[PDB]
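A.B. asks: Got a structure for you, written out below as structure tokens; questions coming shortly.
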Amino acid sequence: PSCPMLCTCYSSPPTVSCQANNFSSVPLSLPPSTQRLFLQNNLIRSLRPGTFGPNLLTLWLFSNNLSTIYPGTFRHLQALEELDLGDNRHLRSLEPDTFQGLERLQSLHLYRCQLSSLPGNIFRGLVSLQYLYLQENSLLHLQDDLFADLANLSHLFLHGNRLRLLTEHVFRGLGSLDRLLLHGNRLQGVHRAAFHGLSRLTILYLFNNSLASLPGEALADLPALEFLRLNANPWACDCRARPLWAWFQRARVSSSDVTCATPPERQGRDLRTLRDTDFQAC
Ligand SMILES: *[C@@H]1O[C@H](CO)[C@@H](O[C@@H]2O[C@H](CO)[C@@H](O)[C@H](O)[C@H]2NC(C)=O)[C@H](O)[C@H]1NC(C)=O
Ligand SMILES: *[C@@H]1O[C@H](CO)[C@@H](O[C@H]2O[C@H](CO)[C@@H](O)[C@H](O)[C@H]2NC(C)=O)[C@H](O)[C@H]1NC(C)=O
Ligand SMILES: *[C@H]1O[C@H](CO)[C@@H](O)[C@H](O)[C@H]1NC(C)=O
Numbered sequence: 029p030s031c032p033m034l035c036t037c038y039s040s041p042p043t044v045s046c047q048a049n050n051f052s053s054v055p056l057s058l059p060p061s062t063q064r065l066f067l068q069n070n071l072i073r074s075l076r077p078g079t080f081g082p083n084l085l086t087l088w089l090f091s092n093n094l095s096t097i098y099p100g101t102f103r104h105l106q107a108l109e110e111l112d113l114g115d116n117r118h119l120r121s122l123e124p125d126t127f128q129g130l131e132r133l134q135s136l137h138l139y140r141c142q143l144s145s146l147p148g149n150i151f152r153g154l155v156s157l158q159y160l161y162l163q164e165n166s167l168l169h170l171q172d173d174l175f176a177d178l179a180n181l182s183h184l185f186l187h188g189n190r191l192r193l194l195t196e197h198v199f200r201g202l203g204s205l206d207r208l209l210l211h212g213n214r215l216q217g218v219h220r221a222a223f224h225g226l227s228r229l230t231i232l233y234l235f236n237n238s239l240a241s242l243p244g245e246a247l248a249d250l251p252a253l254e255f256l257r258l259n260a261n262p263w264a265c266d267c268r269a270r271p272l273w274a275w276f277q278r279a280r281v282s283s284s285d286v287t288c289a290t291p292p293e294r295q296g297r298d299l300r301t302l303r304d305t306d307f308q309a310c
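With positions in the sequence shown counted from 1, the corresponding number in the deposited numbering is that position plus 28.
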């Protein structure tokens, strides 16, 4: 059985290229030796157990039409290092054990799949994961401990969702994280301890959200921070600004503008142009 129907196969490494055939299902008779499987740009609707072989290292399923990944689909892909399920606009939800088995996975792409929520334990056990792309879904909340096992995660992209709050332990377990992108949500509130333990984080984007203030304790929990983007938020330059203002007095970081939206008498000024005297009556 040497190459799946309408695909092209290569031997070093063992690769099966099945891109752009308008397939409705994953082709049959995948050689067990296959390490790279390229199924992007098809119209595949469902995935089931018994479809993928155990030697896969790379599996690209982006730009398909997936709506259901049945239980057990990925369970025996112990070796898998990269899984891209991005751009499946009707996917919508994932069952809680979808990634069980994938303890060697290093990159997981879930961008643009209409996810509105995730199971709280969906990323459990993904101890190898270094890159997780969840941008441009419709996510409304993230639970505490949603990433708690992801000790090696370096990039977490959550921009372009519908998040309103970051809770106390939403980022617990992310001790290796280097970049956290949360721009283009609707964030209104960040818990004072939401960034606790993010000791290696160097880049934080929070621009284009609905933040009127941010707690001073939270920036202080980012000792490694190098670049912060805070622009396109309705910053309140009243007594609420004092902790962020104070942090910026000491901070050595690159930053965007932090433009006051309110009160009218400070609208348009940068929050760093305020002086100690402006906060004396707080
Ligand atoms: C892409 O997947 C979507 C969602 O499963 C399909 O839209 C469903 O299509 C059937 C028509 O056969 C309807 O019963 C459902 O109302 C549709 N659901 C939604 C949410 O639109 C669509 O047919 C699929 N297209 C291809 C080419 O695979
Ligand atoms: C601010 O962020 C939002 C994402 O919430 C951006 O908005 C919308 O953004 C685009 C249209 O301008 C489209 O790509 C989307 O279909 C639409 N999405 C949502 C969820 O509303 C908006 O562009 C961002 N603004 C800037 C200047 O970056
Ligand atoms: C798949 O490929 C064609 C031709 O390039 C594309 O335009 C078409 O819409 C796709 N097929 C189906 C069945 O929709």
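Where a beta carbon is used, it is the ideal one built from N, C-alpha and C, also for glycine.
1) Give every residue of the same chain whose Cβ lies closer than 6 Å to the Cβ of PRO262, excluding the five residues on either side of it in the sequence, and list them in chain order.
2) Count the other C-beta atoms from every protein chain shown that fall within 10 angstroms of the C-beta of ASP112, then say buried if there are 16 or more, exposed otherwise.
3) Check the DSSP bridge columns for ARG207 and list the partner residues they point to.
4) As an exercise, report each continuous beta strand (DSSP E) stretch of at least 3 residues that is fully enclosed by the stretch 51 to 115, in chain order.
5) Between which two residues does the alpha helix (DSSP H) holding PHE276 run?
6) Could you check whether the Cβ of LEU229 sits closer than 7 Å to any heavy atom belonging to ligand 1?
7) At a threshold of 7 Å, does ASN50 count as lining ligand 5 (C-beta to nearest heavy atom)?
8) Is the separation between the beta-carbon of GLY78 and that of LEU58 shorter than 8 Å?
9) Ligand 2 and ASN165: does any heavy atom of the ligand fall closer than 7 Å to the residue's C-beta?
10) Do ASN261 and ligand 2 come close, with the Cβ less than 7 Å from some heavy atom?
11) What is the rounded straight-line gap between the Cα of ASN237 and the Cα of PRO32?
12) Are the CB atoms of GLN68 and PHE90 nearer to each other than 8 Å?
13) Mind checking which residues open and close the beta strand (DSSP E) that includes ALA260?
14) Between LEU250 and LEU272, which are expected to be in contact by the criterion C-beta below 8 Å, what is the C-beta distance as a whole number of angstroms?
15) So, with DSSP's three-state summary, where would you put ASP177?
16) Beta carbon of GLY244: closer than 7 Å to some heavy atom of ligand 2?
C.D. replies: Considering the structure as presented:
1) Excluding positions up to five away in sequence, the list reads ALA240, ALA289.
2) buried
3) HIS183, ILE231
4) 64 to 66, 86 to 88, 110 to 112
5) 270 to 278
6) The closest heavy atom of ligand 1 lies 7 Å or more from the beta carbon of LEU229.
7) This structure does not include ligand 5; its bound ligands are ligand 1, ligand 2 and ligand 3.
8) no
9) Placement of the Cβ of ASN165 at a distance of 7 Å or more from every heavy atom of ligand 2 is found.
10) no
11) 47 Å
12) Yes.
13) It is not in any beta strand (DSSP E) - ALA260 carries neither H nor E in the DSSP assignment.
14) Wrong, their Cβ atoms sit about 13 Å apart, outside the cutoff.
15) coil
16) For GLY244, the shortest separation between its Cβ and any heavy atom of ligand 2 does not lie below 7 Å.
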